[PDB]
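Residues in the sequence shown are numbered consecutively from 28, following the authors' numbering. We put the beta carbon where it would ideally sit given N, CA and C, even for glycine. The structure appears right after this line, and notes come after that.
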Amino acid sequence: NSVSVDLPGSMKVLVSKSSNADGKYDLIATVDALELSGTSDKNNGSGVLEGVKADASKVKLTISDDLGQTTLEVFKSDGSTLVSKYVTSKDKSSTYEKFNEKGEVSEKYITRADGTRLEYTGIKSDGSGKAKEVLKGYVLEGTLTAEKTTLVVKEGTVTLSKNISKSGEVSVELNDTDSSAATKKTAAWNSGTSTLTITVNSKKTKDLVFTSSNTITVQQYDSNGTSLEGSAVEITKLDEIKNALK
């Protein structure tokens, strides 16, 4: 009788074919061996299901009315304080939060629809912590504050800093402590094309593009310092970022 419904977060729910005396639909799901059950105002698989872990932690699956989003929460055994929260949004990106004993977020993992990730760990009560961005082929490491995430790559006397603001705005900066004017790198950020242009000895040398696909490409200028040459090459490993900073 029941109807199988496909959900965000690689889950399924079964909804009863017909409603009960009160007009409500029965829901059942199995999530990693745990059986969850509930009732709903709707007939489409949306609503709330509940169950428990083998250790008695409470589990709740909340499916939005239009099936666009799902939330899977684990609580302490009386249901009072959150232990974890896993939200899959309608783009199929997800956020996974883990909580400490006061229900404060201690870890947060954002997985973008393209599979790249931001990982925030050791989060303190001021929203500071450790940060990593997991890209295809490499990882960038740095820190989190309530103002921004800053991911850092060092090569020689050059420090490249990728900033992601609290509101998600990306900007990149480069600072070089090199004391020789012949070799010191400087760079300008163009928010219009998400491009960092490096200069050495008063000529543009490279464009580093931080793409909307969460990749980085590098392209050199001609010796004239004004026209690009060749074609942009996608970075595949951290070592290649370091090479671009030489």
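> Among residues of its own chain, excluding the 5 on either side of residue 322, which ones have a beta-carbon nearer than 6 Å to its beta-carbon?
Replying inline: With the chain covering 28 to 273 only, the question about residue 322 has no answer from this structure.
> Taking the runs of the beta strand (DSSP E) that are 3 residues or longer, which of them lie wholly in the region 107-175?
Replying inline: 109-115, 121-126, 132-138, 144-148, 156-162, 165-171
> Can you name the start and end residues of the alpha helix (DSSP H) that residue 280 belongs to?
Replying inline: Any property of residue 280 remains undetermined from this structure, which presents the chain solely from 28 to 273.
> In three-state DSSP terms, what is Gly50?
Replying inline: coil
> Where does the unbroken beta strand (DSSP E) through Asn190 begin, and where does it stop?
Replying inline: 185-192
> Between the region 99-112 and the region 124-134, do at least 3 Cβ pairs fall closer than 8 Å?
Replying inline: yes
>> So for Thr98, helix, strand or coil by DSSP?
In response: strand
>> Considering only the alpha carbon of each residue, which of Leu145, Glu182, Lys181 lies closest to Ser192?
In response: By alpha-carbon distance to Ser192, the top candidate from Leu145, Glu182, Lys181 is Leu145.
> So is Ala48 buried or exposed if we call it buried at 16+ other beta carbons inside 10 Å?
Replying inline: exposed
> Beta-carbon separation of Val132 and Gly72 under 7 Å?
Replying inline: Taking 7 Å as the Cβ cut-off, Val132 and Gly72 do not qualify as a contacting pair.
> Contact check, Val75 vs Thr89 under 8 Å by CB: the rounded distance?
Replying inline: 5 Å
>> Comparing C-alpha positions only, which one of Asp153, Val40, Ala60 sits nearest to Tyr52?
In response: In terms of Cα proximity to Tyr52, the closest of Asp153, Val40, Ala60 is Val40.
> By DSSP, does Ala81 sit in helix, in strand, or in coil?
Replying inline: Note: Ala81 maps to coil in three-state DSSP.
>> If the criterion is Cβ atoms closer than 7 Å, does the pair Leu272 and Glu182 meet it?
In response: yes
> Given that a residue counts as buried once 16 or more other Cβ atoms are within 10 Å of its Cβ, and exposed if not, what is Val260?
Replying inline: exposed
> Looking only at its own chain, which residues have a Cβ that is under 7 Å from the Cβ of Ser152, when we skip the five neighbours before and after it?
Replying inline: The residues are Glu131.
>> Taking its Cβ as the centre, do 16 or more other Cβ atoms sit within 10 Å of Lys117, making it buried, or is it exposed?
In response: exposed
> What span of residues does the beta strand (DSSP E) with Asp33 cover, start to end?
Replying inline: 30-34
>> From the DSSP secondary-structure annotation, give me the bridge partner or partners of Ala215.
In response: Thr224
>> Check for me: the beta strand (DSSP E) holding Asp234 runs from which residue to which?
In response: 230-237
>> For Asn202, list the residues DSSP reports as bridge partners.
In response: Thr186
> Candidates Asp205, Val236, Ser229, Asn228: which alpha carbon is nearest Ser218's?
Replying inline: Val236
> Taking DSSP as the reference, what is the three-state secondary structure of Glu196?
Replying inline: coil
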